[PDB]
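Single chain ahead, by itself, as structure tokens, in the form deposited in one PDB entry.
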């Protein structure tokens, strides 16, 4: 059955285990965590969860043999210092040591190994959860129990009476079930190693291991570095914005109260509907629940009466002040090592299109520069609150219409290629065509609306929805759709070809080989069929974009790893020259990367990005990247030197 080897029990056993580990090229280390049971005696305390303490590691390189490694203060001959030195020695790559480390929940394992244990891995990684995601990107988040059931049933009974295996975290990370940390870590390590062998066989069968080891797992490593770094958050430039928007809120409240003649609650939709549609006789739309008070109907009614405009403005600003201001202010970590407050989001890569999202909180869902003025515009935005460390500047690198360039690549539209190769800025052109104005006369919000429209036709938009958004009639929207389709016939050819491919093969192929499965295209419902077709088109295009940005991330990390021989990330800095210097990667926005570059390497690192993002993949269309730098994310300015 289960065979746990207590390595730290005998000196000879420890030495032969170390020799075998050094002679091994594929291991499955893991972590063990227990309760305090009341620091520096049970193990290294885990950052964040002060009630949890690390205990041991579990390494399994085949079969059911789990070699448990103890970092406890207790074999008295083997002290903690030389044991730590040995563990660091066998967990580092050197002299072409092509070792693969299989860790479940690699980001969290890397973080705990760095901050508390003080050791950072440098070998190839083979996270089994990532491979399970690669198999079925649209599937639910893979817990240990799910991957064990779906990829290792014979050894599945090893989890009998183990309710902790169903949690999101690894078996050896949770502070739950009564099982000891050592045994839990050992059984989890055996299970993940065997399941990862099965997953590697499956990926080799599917021809997906290259995209799993060359870009995907290095992208997980980059995301671990991003989680270690965090985003520099300053409350000096956030509290002021919060107070300004609260002042605007109360001003709008008083104005609406004096206009309507009475005080009413804005949050309640029924009261707003009664006040606006009934009392003020505003024209109701076709479609409790007496009237609909959605954003689009309020926007349509903005011109007719001033009050709906104030209501809509109050709703946004309160959405900014509750869904954004509160999550950011609630979780900010003040660390003296960087000398300023930061925020550490949790990077989730299990999205259905290969995109990278952030949970607790969602940083990318921060309101942009929207200007509102009260008794000229203030340009209120919380993006300015993301001030980097002192002596450093945020260096974003926005892809210049990556989605359109990629679509032109797999569509081979001569007109699209020739309009993207130049600095035409097709979004400005379509905005100028729509508004019958000069391209330079367009604004930021107008250009954003134009780009939303253009991507709407690009991914497939109904005539009615395009009419409601564009403010034009349904027939005019249909004629606009037809003109857009006829102008770019290659886009239609690519869309039809990829829809046919999704219907035939049952899935779609990203340009780096990753696949997403859409059974819904075979659904008899016309809604489901059309939704799955548009889902397939956007899935291939957006997965290509996300894989391009992930290749850019891993290439930039490699380039600033070879250069700038300093501490790799703030997590490595706190794992324990003095000046902060590096190209730390702090945020991804689904099309761009934020780098908290130091004030001395602003230009050179930027150039590196402008290389690696440009030559990430040799496409049919040159991938323009605008590198912007600034003292904050809010007011970053373009840099073309």
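Residue numbers count along the first chain shown, from 1.
One more form of this protein should be noted, the form deposited with a small molecule bound, which is absent from this view; the next part is about it.
Colleague: Which among 219-227, 200-208, 415-423, 517-525 is in contact with the small molecule in the deposited complex, heavy atoms within 4.5 angstroms?
Modeller: Of the stretches listed, the one contacting the partner is 415-423.
Colleague: With the cut-off set at 4.5 Å between non-hydrogen atoms, does residue 433 touch the small molecule in the deposited complex?
Modeller: It does: once the small molecule is placed as it appears in the deposited complex, residue 433 has a heavy atom within 4.5 Å of it.
Colleague: Indicate whether the small molecule has at least one heavy atom within 4.5 Å of a heavy atom of residue 565 in the deposited complex.
Modeller: Residue 565: no, not in contact with the small molecule in the deposited complex.
Colleague: Test of understanding: in the deposited complex, would residue 470 fall inside 4.5 Å of the small molecule by heavy atoms?
Modeller: Residue 470 belongs to the contact set for the small molecule.
Colleague: Since only the chain is shown here, I'm wondering whether residue 243 would be in contact with the small molecule in the deposited complex (any heavy atom pair within 4.5 Å).
Modeller: Residue 243: no contact with the small molecule in the deposited complex.
Colleague: Sort through 483, 489, 496, 263 and report the residue having a heavy atom within 4.5 Å of the small molecule in the deposited complex.
Modeller: Checking each option against the small molecule in the deposited complex, the one that comes within 4.5 Å is 483.
Colleague: Counting any non-hydrogen atom inside 4.5 Å, which residue from 457, 508, 338, 298 sits next to the small molecule in the deposited complex?
Modeller: Residue within 4.5 Å of the partner: 457.
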